[PDB]
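**Q** Take a look at this one; I'll ask things after.
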Amino acid sequence: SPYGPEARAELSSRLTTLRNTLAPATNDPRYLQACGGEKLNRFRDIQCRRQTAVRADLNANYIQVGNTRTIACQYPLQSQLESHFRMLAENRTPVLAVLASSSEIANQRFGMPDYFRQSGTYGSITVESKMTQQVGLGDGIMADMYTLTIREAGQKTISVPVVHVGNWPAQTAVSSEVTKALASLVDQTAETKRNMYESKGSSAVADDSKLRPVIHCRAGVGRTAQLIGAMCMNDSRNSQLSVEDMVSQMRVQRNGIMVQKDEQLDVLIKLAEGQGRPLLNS
Ligand SMILES: */C=C\S(=O)(=O)Oc1ccccc1
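Numbering-wise (the UniProt record's numbering), the sequence shown opens with residue 187 and increments by one.
Here's what the structure looks like:
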């Protein structure tokens, strides 16, 4: 059985060993380190792959599942904000998927600045949050969208489409139905903006590491990984890409925690099933 419990068990199995072998060790060469002082990882057990690191001072990586390339990162710390904004800008960010909950954000204890819903200045950078549309995704899950405008002297103004999912509690998985609706919208959005830079004759088209959708929850590995996997199978070029690959790739590109929970794997496993996509690798 392709999706038989034995099958699923072998997957989780391989995936477990991988999560284990990828666990960051003190001063792990495979991961980006905190520069003499300032905390770099929101969670000091959920680190960033140095190989793929986007910025020397951000827990964020360049991930490529098959032909699908994006950027997964943690929720920026107060300090990271400026460099965060800098990245999204340079990346010519086509879409910014934020899967962390409004509950998590409002929670000052959590150190998650409402960096994208409100307008503010973070140094030489001034941000304008423009709330655009709201779209239900099912099960009562909502997609709140804003247009982030990053302005900076000498730098090019760059508005970034933002897709926020408020009611997606952390450490959980949403209806494969929902999970699916979202991927589409996230892709939809990224498509519209991307096409705009293409039309404007932009140059971030030639550069591969650019025009990358950015996704992140809090630690950028659970809810985030789910979306990515979702967005992956949603790319009509990843034919034959296994679930095994999706998870084993994201984890080598960011950290072994990718696809944190099980109910998260399950969804991907379910989305993959309906597509007749292989779970394990032969
Ligand atoms: C992006 C990860 S998450 O979905 O926010 O889940 C968490 C993982 C570790 C610690 C807190 C939250």
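We put the beta carbon where it would ideally sit given N, CA and C, even for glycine.
Since I believe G442 is in contact with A195 (beta carbons under 8 Å), could you give me their beta-carbon distance rounded to a whole number of angstroms?
**A** Start at 1 with the first residue of the sequence shown, and residue 195 comes out as number 9. Start at 1 with the first residue of the sequence shown, and residue 442 comes out as number 256. Wrong, their Cβ atoms sit about 19 Å apart, outside the cutoff.
**Q** Given a cut-off of 7 Å, decide if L282 and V400 are closer than it, judged by their beta-carbon atoms.
**A** One-based indexing of the sequence shown puts residue 400 at position 214. One-based indexing of the sequence shown puts residue 282 at position 96. Yes.
**Q** What do you reckon, are the CB atoms on residue 495 and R236 nearer than 7 Å?
**A** What is shown of the chain runs 187 to 468, which leaves residue 495 out entirely.
**Q** Assuming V351 and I327 make a contact with CB atoms under 8 Å, what is their CB distance in whole Å?
**A** Looking up residue 351 in the sequence shown gives position 165. Looking up residue 327 in the sequence shown gives position 141. The Cβ separation is near 6 Å, so the contact holds.
**Q** My understanding is that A359 touches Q461, with C-beta atoms under 8 Å, so please give their C-beta distance in whole angstroms.
**A** Taking the first residue of the sequence shown as 1, we reach residue 359 at position 173. Taking the first residue of the sequence shown as 1, we reach residue 461 at position 275. That belief does not hold up - the Cβ atoms of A359 and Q461 are roughly 18 Å apart, past 8 Å.
**Q** Do the CB positions of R255 and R437 come within less than 7 Å of each other?
**A** Counted from its first residue, the sequence shown places residue 255 at position 69. Counted from its first residue, the sequence shown places residue 437 at position 251. It is not a contact, given that the beta carbons lie outside the stated cut-off.
**Q** Just curious, the alpha helix (DSSP H) that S315 is in, first and last residue?
**A** Taking the first residue of the sequence shown as position 1, residue 315 is located at position 129. Where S315 is concerned, there is no enclosing alpha helix (DSSP H), although the beta strand (DSSP E) it sits in stretches over 311 to 324.
**Q** So, do the stretch 238 to 248 and the stretch 264 to 277 have three or more beta carbon pairs nearer to each other than 8 Å?
**A** Flag = yes, the stretch 238 to 248 and the stretch 264 to 277 touch.
**Q** For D214, name the three-state secondary structure that DSSP assigns.
**A** In the sequence shown, counting from the first residue as 1, residue 214 sits at position 28. Coil.
**Q** With a 10 Å radius around its C-beta and 16 neighbouring C-beta atoms as the bar for buried, classify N253 as buried or exposed.
**A** Residue 253 sits at position 67 when you count from the first residue of the sequence shown. Result: exposed.
**Q** Classify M432 as helix, strand or coil using the three-state DSSP reduction.
**A** As a first step, residue 432 is located in the sequence shown; it is residue number 246 there, counting from the start. Here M432 sits in helix by DSSP.
**Q** Classify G387: buried if its beta carbon has 16 or more other beta carbons within 10 angstroms, exposed otherwise.
**A** Numbered from 1 along the sequence shown, position 201 holds the residue referred to as residue 387. Per the 10 Å Cβ criterion, exposed.
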